[PDB]
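> This is the structure I have questions about; it appears just below.
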Amino acid sequence: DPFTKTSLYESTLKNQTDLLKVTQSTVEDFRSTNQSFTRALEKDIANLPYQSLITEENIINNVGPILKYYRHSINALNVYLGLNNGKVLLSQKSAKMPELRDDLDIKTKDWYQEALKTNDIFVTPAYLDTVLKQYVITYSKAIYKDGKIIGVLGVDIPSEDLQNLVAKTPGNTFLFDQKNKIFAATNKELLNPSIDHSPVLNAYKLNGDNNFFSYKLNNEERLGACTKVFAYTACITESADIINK
Ligand SMILES: CCC(C)(C)[C@H](N)C(=O)O
Ligand SMILES: [Cl-]
Ligand code: NA
Ligand code: NA
């Protein structure tokens, strides 16, 4: 009876919409927590007197402890300050104090370049950190003291941390990165690189953010929706058995 099928469709749409929104929130809260942390660290570095910032030895001794404590507070992988001479003061997970490194090619990096092109925090796509060889998301920020550039702050957070948060959420939810490659999922099988996601991705392009759609898998009907969340695409799908059976 159409009345009953409509009531089941409306219910499951609501439920699945809610669950999609939980995954969206997870991504938003991960980002904003890292941004706030990065902003706080900027403020504490820029608060230092100029004298503490204008020789490399003073940067080591005065900025280094701040990087280390901040790193520990959030269990970041790397926290660092890159200078215009190409050196970077690096606090890395491993208890030796932070050291100035001249070998990390920092002006070639997008976290460095892009921080100098915006007054905001820059957020990288996930990429393989050169130092610890883990996949990270980097938050970077050009630090200025009274208009004068001190250097570019960077904070590397393992991308696994966001993957793990997403996976824990309820519902059959998943994320794609900017390249429409699968990035995270509640059901770990979706992460197989050989899975074709065109049906979902195509139905999302046709329907738009948060607009619920029908599609087929192995001749069976499924329901889903996606929405953009920053550069990511977040999706949920389920079997259409709830409305058909
Ligand atoms: C100093 C910059 C490092 C920490 C090496 C950054 N993850 C990068 O890979 O560029
Ligand atoms: Cl993020
Ligand atoms: Na780069
Ligand atoms: Na989920």
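Order determines the names: the first chain of the structure tokens is A, the second B, and so forth; residues in each chain are numbered 1 upward, and ligands are numbered 1 upward as they are shown.
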List the neighbours of residue 142 of chain A out to 8 Å using only C-alpha atoms; skip same-chain residues closer than 3 positions along the sequence, and give me the result as a VMD selection string.

chain A and resid 115 to 116 119 121 149 to 153

> Would you mind exporting the chosen residues as a short mmCIF file (atom, residue, chain, number, x, y, z; two decimals), in the first residue's frame, restricted to C-alpha atoms?


data_model
loop_
_atom_site.label_atom_id
_atom_site.label_comp_id
_atom_site.auth_asym_id
_atom_site.auth_seq_id
_atom_site.Cartn_x
_atom_site.Cartn_y
_atom_site.Cartn_z
CA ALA A 115 50.75 29.37 4.38
CA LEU A 116 52.49 32.42 2.89
CA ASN A 119 46.30 34.67 6.37
CA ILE A 121 45.48 28.20 8.57
CA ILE A 149 57.04 37.21 9.44
CA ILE A 150 58.78 34.91 11.93
CA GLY A 151 58.23 31.64 10.05
CA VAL A 152 55.63 29.05 9.05
CA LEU A 153 54.22 26.88 11.84
#

> Quick one: residues within 9 Å of segment 6-11 of chain A, only C-alpha atoms counted, chain neighbours fewer than 3 positions away excluded, as JSON, numbers by chain?

{"A": [1, 2, 3, 14, 15, 16, 240, 242, 243, 244]}

> Those same residues, written as a compact mmCIF listing (two decimals), in the first residue's frame with N, CA and C atoms?


# COMPACT_ATOMS: atom_id res chain seq x y z
N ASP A 1 0.89 -1.20 0.00
CA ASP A 1 0.00 0.00 0.00
C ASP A 1 0.90 1.22 0.00
N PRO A 2 0.72 2.09 -1.01
CA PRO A 2 1.60 3.27 -1.12
C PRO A 2 1.80 4.00 0.21
N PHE A 3 0.75 4.05 1.03
CA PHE A 3 0.81 4.77 2.28
C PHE A 3 1.89 4.20 3.16
N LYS A 14 15.02 9.92 6.93
CA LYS A 14 15.37 10.68 8.12
C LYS A 14 16.54 10.03 8.85
N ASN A 15 16.44 8.74 9.08
CA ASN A 15 17.44 8.02 9.87
C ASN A 15 18.84 8.17 9.19
N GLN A 16 18.87 7.92 7.88
CA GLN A 16 20.10 7.88 7.12
C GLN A 16 20.69 9.29 6.97
N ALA A 240 17.70 -1.12 0.13
CA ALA A 240 16.30 -0.71 0.02
C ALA A 240 15.30 -1.76 0.52
N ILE A 242 14.32 -2.21 3.51
CA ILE A 242 13.40 -1.57 4.47
C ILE A 242 12.15 -0.98 3.79
N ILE A 243 12.23 -0.49 2.57
CA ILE A 243 11.02 0.03 1.94
C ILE A 243 10.34 -0.99 1.06
N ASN A 244 11.07 -2.01 0.60
CA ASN A 244 10.49 -2.99 -0.32
C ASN A 244 9.89 -4.25 0.35

> Per residue of chain A within 10 Å of ligand 4, note the shortest atom pair and the distance in Å to one decimal, counting only C-alpha atoms and all ligand atoms, and order the rows by chain and increasing residue number, as a Markdown table.


| residue | atom | partner | partner_atom_place_in_ligand_line | distance |
| --- | --- | --- | --- | --- |
| A:19 | CA | ligand 4 | 1 (Na) | 7.2 |
| A:20 | CA | ligand 4 | 1 (Na) | 7.9 |
| A:22 | CA | ligand 4 | 1 (Na) | 8.1 |
| A:23 | CA | ligand 4 | 1 (Na) | 6.6 |
| A:165 | CA | ligand 4 | 1 (Na) | 9.1 |
| A:166 | CA | ligand 4 | 1 (Na) | 6.3 |
| A:167 | CA | ligand 4 | 1 (Na) | 5.7 |
| A:168 | CA | ligand 4 | 1 (Na) | 6.0 |
| A:169 | CA | ligand 4 | 1 (Na) | 3.8 |
| A:170 | CA | ligand 4 | 1 (Na) | 3.9 |
| A:171 | CA | ligand 4 | 1 (Na) | 3.9 |
| A:172 | CA | ligand 4 | 1 (Na) | 4.9 |
| A:173 | CA | ligand 4 | 1 (Na) | 4.2 |
| A:174 | CA | ligand 4 | 1 (Na) | 6.8 |
| A:175 | CA | ligand 4 | 1 (Na) | 9.9 |
| A:184 | CA | ligand 4 | 1 (Na) | 9.6 |
| A:185 | CA | ligand 4 | 1 (Na) | 6.9 |
| A:186 | CA | ligand 4 | 1 (Na) | 4.6 |
| A:187 | CA | ligand 4 | 1 (Na) | 7.8 |
| A:235 | CA | ligand 4 | 1 (Na) | 9.4 |
| A:236 | CA | ligand 4 | 1 (Na) | 7.9 |

> Within 10 Å of residue 70 of chain A, counting only C-alpha atoms, which residues qualify if same-chain residues fewer than 2 places away don't, as a list in words?

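These residues fall inside the cut-off: residues 37, 38, 40, 41, 65, 66, 67, 68, 72, 73, 74, 75, 76, 79, 91 and 155 of chain A.
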
> Output the neighbourhood of ligand 2 as an MDAnalysis selection string, that is, all protein and nucleic acid residues with some atom at most 9 Å from the ligand, counting only C-alpha atoms and all ligand atoms.

chainID A and resid 27:35 123:125 137:139 157 159 162 230
